[PDB]
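Colleague: Questions regarding the structure given below will be posed in turn.
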Amino acid sequence: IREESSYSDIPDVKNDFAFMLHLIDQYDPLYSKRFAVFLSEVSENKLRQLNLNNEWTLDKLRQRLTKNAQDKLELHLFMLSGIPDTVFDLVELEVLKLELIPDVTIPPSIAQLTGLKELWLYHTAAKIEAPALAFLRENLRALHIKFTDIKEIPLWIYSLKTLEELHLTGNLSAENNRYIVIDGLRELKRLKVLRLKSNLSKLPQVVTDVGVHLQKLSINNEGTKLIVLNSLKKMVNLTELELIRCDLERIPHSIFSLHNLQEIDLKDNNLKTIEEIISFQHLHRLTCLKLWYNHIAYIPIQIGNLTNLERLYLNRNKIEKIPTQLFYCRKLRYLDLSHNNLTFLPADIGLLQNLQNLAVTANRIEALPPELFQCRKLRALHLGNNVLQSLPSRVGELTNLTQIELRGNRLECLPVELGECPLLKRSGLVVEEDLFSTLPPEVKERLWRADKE
Amino acid sequence: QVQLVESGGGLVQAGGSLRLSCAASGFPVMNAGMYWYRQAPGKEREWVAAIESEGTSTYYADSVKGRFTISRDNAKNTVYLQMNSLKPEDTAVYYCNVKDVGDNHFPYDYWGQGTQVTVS
Amino acid sequence: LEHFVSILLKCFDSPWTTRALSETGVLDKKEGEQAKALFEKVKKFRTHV
Amino acid sequence: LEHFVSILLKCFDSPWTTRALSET
Amino acid sequence: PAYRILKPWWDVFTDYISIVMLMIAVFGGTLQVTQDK
């Protein structure tokens with residue numbers, strides 16, 4: 001049978017079971033041949049695949065289709081023995097997520113899918129045939145893979161010439177090499193987003209070279225030390241520079257030359273001083289300077305020099321006071337300084353009529369300036385765990401305000417004027433139930449009437 | 001078939017120049033990324049030279065910056081690597097490598113046999 | 001002997017054996033479940049005998 | 001005796017006994 | 001009734017030889033009982 005059925009994975013039969021097989025063969029080999037198909041792992045795997053296809057019908061997967069963060073159809077396969085053949089009939093699928101699928105082979109039937117753009121290989125080593133690999137080389141945008149060993153990553157990852165986003169969340173640090181595993185990353189000329197997470201010690205030379213055409217570089221070392229040493233000066237078109245948990249301990253000196261940057265995030269880098277805003281003046285297009293989850297004693301005066309700030313983030317820091325020069329920036333919209341040792345906000349905040357979202361959570365803010373409420377373009381204000389004794393009645397003049405939070409405050413009075421707003425619902429204004437009763441009910445009943453839809 | 005074969009192996013004392021080469025079978029060299037790696041006894045493979053596909057741009061490791069010269073010759077369908085008075089500490093076994101040629105089958109990366117160059 | 005004969009006759013009259021030998025177009029769910037149960041039965045018989 | 005024999009025969013070739021043994 | 005699959009040709013031959021030997025045993029026995037003078 002092994003020389004005829006081409007199934008060499010039929011183990012030899014031991015004593016007390018080879019004897020009866022020999023007797024049956026002495027009767028006729030037909031029974032032995034028909035029985036041997038239940039001793040081969042290949043037939044067992046084929047039966048598993050067929051039962052998976054029959055059990056996971058097209059309708060069940062279609063109903064299981066979900067929408068991801070980017071608002072597109074996504075299918076999640078977790079711990080399945082394989083990919084059902086009915087899955088590759090979902091031409092409307094756009095993202096295919098595979099997690100903990102053993103010995104997965106991507107069949108040529110993936111070409112039947114046309115809207116597929118992202119492939120998620122979570123701890124799955126996928127082996128792909130030529131017709132399917134050509135389709136992936138032509139019709140795959142992003143590739144997310146998680147792994148523990150360098151060898152269990154696909155070897156055809158560098159063959160995806162149309163790839164745009166690459167997400168590595170493994171451990172690329174091999175044995176005494178400068179990340180030779182990804183030395184083929186230079187092949188990808190269409191790469192736009194890189195999402196390395198391997199606890200980098202020295203930034204790979206291949207990544208520094210390939211970043212000359214990279215848009216969003218996001219790195220996470222989980223607090224592992226990373227040294228730059230004039231590595232980003234080669235890039236000229238980088239816009240996002242997330243370096244969350246990279247243990248830089250300081251803002252790198254090579255980030256100044258990246259004038260094209262617009263988003264910078266250095267969360268959990270254990271920074272000490274951010275006086276480098278004076279050197280940051282090169283970046284005229286910077287609008288999303290993020291530095292939260294860090295430890296900075298105070299905000300330097302050089303923030304006011306930059307006037308293009310729109311997304312300012314210093315949350316979960318220990319900053320005792322806000323210098324008045326920071327308020328010079330007239331285009332802040334997503335300013336959030338939460339979980340900070342603040343005592344009060346200067347009245348210069350009221351000159352920022354362009355503010356949309358503000359978070360002053362976990363701040364010892366006794367009161368707010370009436371000049372702050374004079375702006376009319378506010379959208380959301382999160383105020384959690386703040387020592388507030390009263391709320392000014394002038395907030396009722398806010399019409400564009402969509403939502404506010406007063407949870408954790410030591411409040412006992414809510415102005416009646418707060419209920420006069422064109423846009424006001426239960427979801428937007430959530431406060432303590434006892435404090436909710438201090439307003440007259442004739443407006444609450446009308447609000448509840450319109451809360452349906 | 002697809003395979004790489006290189007030559008030029010020979011023990012050369014410090015003070016001269018050695019001209020390496022390669023030979024690609026089954027695929028054009030212009031539409032492919034060619035790499036040069038080095039191997040040493042008791043040491044893991046280290047990247048040396050890379051020439052990019054679709055634009056022919058050279059890439060060197062920080063250890064070998066500004067000393068080697070790599071070129072692609074489509075007439076012979078080969079890649080030429082030339083050093084400049086290589087040090088005895090650079091004595092190693094050089095490996096050719098091209099990954100993900102236009103043909104996409106199970107072997108995605110192809111390596112040469114390997115040539116040992118000795119400097120003392 | 002009777003266990004071996006029962007297993008051999010179950011594997012002999014299994015339609016999945018016919019399909020496997022004819023491999024060289026839809027299958028019933030119950031047939032696949034029975035084939036999986038027969039595979040498990042053969043494994044238990046082999047480890048017992 | 002006959003009830004025990006019938007019950008034992010049912011339990012021996014029951015379709016769920018194989019599943020229970022495979023789970024172990 | 002599926003017991004014949006475990007009986008090879010030699011077992012069937014021995015069964016038939018045993019049947020013939022039993023027949024000659026019965027013949028000799030009835031001869032030695034009825035007429036052994």
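Labels for the structure tokens follow display order: chains A, B, ..., residues from 1 in each chain, ligands from 1.
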Would you please give, as an MDAnalysis selection string, all residues of chain C that DSSP assigns to alpha helix (DSSP H) based on the backbone?
Modeller: chainID C and resid 2:12 15:22 29:48
Colleague: Contacts of residue B:10 at 12 Å or less, counting only C-alpha atoms, minus same-chain residues fewer than 4 places along, as number ranges by chain?
Modeller: B: 16-20, 91-94, 115-119
Colleague: Using only N, CA, C and O atoms, please write the residues we just selected to a file, as a short mmCIF file (atom, residue, chain, number, x, y, z; two decimals), in the first residue's frame.
Modeller:
data_model
loop_
_atom_site.label_atom_id
_atom_site.label_comp_id
_atom_site.auth_asym_id
_atom_site.auth_seq_id
_atom_site.Cartn_x
_atom_site.Cartn_y
_atom_site.Cartn_z
N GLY B 16 47.12 42.41 -1.04
CA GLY B 16 46.62 42.30 -2.40
C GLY B 16 45.12 42.45 -2.48
O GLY B 16 44.47 42.83 -1.50
N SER B 17 44.54 42.14 -3.65
CA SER B 17 43.11 42.27 -3.86
C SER B 17 42.57 40.98 -4.45
O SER B 17 43.19 40.40 -5.35
N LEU B 18 41.44 40.52 -3.93
CA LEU B 18 40.79 39.30 -4.40
C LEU B 18 39.45 39.65 -5.03
O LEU B 18 38.67 40.43 -4.47
N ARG B 19 39.18 39.07 -6.20
CA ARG B 19 37.96 39.33 -6.95
C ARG B 19 37.06 38.11 -6.84
O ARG B 19 37.37 37.05 -7.39
N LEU B 20 35.95 38.26 -6.12
CA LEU B 20 34.97 37.19 -6.00
C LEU B 20 33.97 37.29 -7.16
O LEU B 20 34.05 38.17 -8.01
N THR B 91 39.14 37.13 7.24
CA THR B 91 39.15 35.78 6.68
C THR B 91 37.91 35.02 7.12
O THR B 91 37.67 34.82 8.31
N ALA B 92 37.11 34.60 6.14
CA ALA B 92 35.85 33.93 6.42
C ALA B 92 35.41 33.17 5.18
O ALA B 92 36.07 33.21 4.14
N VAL B 93 34.29 32.46 5.31
CA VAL B 93 33.68 31.74 4.20
C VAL B 93 32.48 32.54 3.73
O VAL B 93 31.49 32.68 4.46
N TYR B 94 32.55 33.05 2.50
CA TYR B 94 31.51 33.92 1.98
C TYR B 94 30.41 33.10 1.33
O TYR B 94 30.67 32.14 0.59
N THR B 115 32.81 29.69 -0.52
CA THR B 115 34.23 29.76 -0.83
C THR B 115 34.98 30.33 0.36
O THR B 115 34.54 31.32 0.95
N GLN B 116 36.10 29.72 0.71
CA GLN B 116 36.91 30.15 1.84
C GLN B 116 38.10 30.96 1.34
O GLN B 116 38.87 30.49 0.50
N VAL B 117 38.25 32.17 1.88
CA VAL B 117 39.35 33.06 1.54
C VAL B 117 40.18 33.27 2.80
O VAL B 117 39.64 33.61 3.86
N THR B 118 41.49 33.06 2.69
CA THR B 118 42.39 33.09 3.83
C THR B 118 43.36 34.26 3.71
O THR B 118 43.98 34.46 2.66
N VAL B 119 43.48 35.04 4.78
CA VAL B 119 44.41 36.15 4.86
C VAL B 119 45.19 36.03 6.16
O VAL B 119 44.60 35.82 7.22
#
Colleague: What does the structure give for the distance between atom CA of residue A:171 and atom CA of residue B:47, in Å to one decimal?
Modeller: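 Interatomic distance here is 19.1 Å.
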Colleague: Near residue A:176, within 9 Å and counting only C-alpha atoms, which residues show up once chain neighbours fewer than 6 positions away are dropped, as a VMD selection string?
Modeller: chain B and resid 43 to 46
Colleague: Could you please take those selected residues and save C-alpha atoms as a compact mmCIF listing (two decimals), in the first residue's frame?
Modeller:
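File written: again22.txt
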# COMPACT_ATOMS: atom_id res chain seq x y z
CA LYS B 43 30.96 32.14 14.40
CA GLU B 44 27.50 32.66 12.92
CA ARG B 45 26.79 34.07 9.47
CA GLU B 46 27.16 37.85 9.19
Colleague: Return as a Markdown table the residues of chain C lying at most 7 Å from chain D, together with the closest atom-to-atom pair for each and the distance in Å to one decimal, counting only C-alpha atoms, with rows in chain order and ascending residue number.
Modeller:
| residue | atom | partner | partner_atom | distance |
| --- | --- | --- | --- | --- |
| C:37 | CA | D:18 | CA | 6.7 |
| C:40 | CA | D:18 | CA | 6.6 |
| C:41 | CA | D:18 | CA | 6.3 |
Colleague: From a backbone DSSP assignment, name each residue in chain B labelled strand (DSSP E or B), as JSON, numbers by chain.
Modeller: {"B": [3, 4, 19, 24, 25, 34, 35, 36, 37, 38, 39, 40, 43, 44, 45, 46, 47, 48, 49, 50, 51, 58, 59, 60, 69, 70, 71, 72, 73, 78, 79, 80, 81, 82, 92, 93, 94, 95, 96, 97, 98, 99, 109, 110, 111, 115, 116, 117]}
Colleague: Would you kindly return, as an MDAnalysis selection string, each protein, DNA or RNA residue with an atom no farther than 12 Å from any atom of residue E:4, considering only C-alpha atoms and excluding same-chain residues fewer than 3 positions away?
Modeller: (chainID A and resid 23:24 26:28) or (chainID C and resid 1:2 5) or (chainID E and resid 1 7:9 11:12)
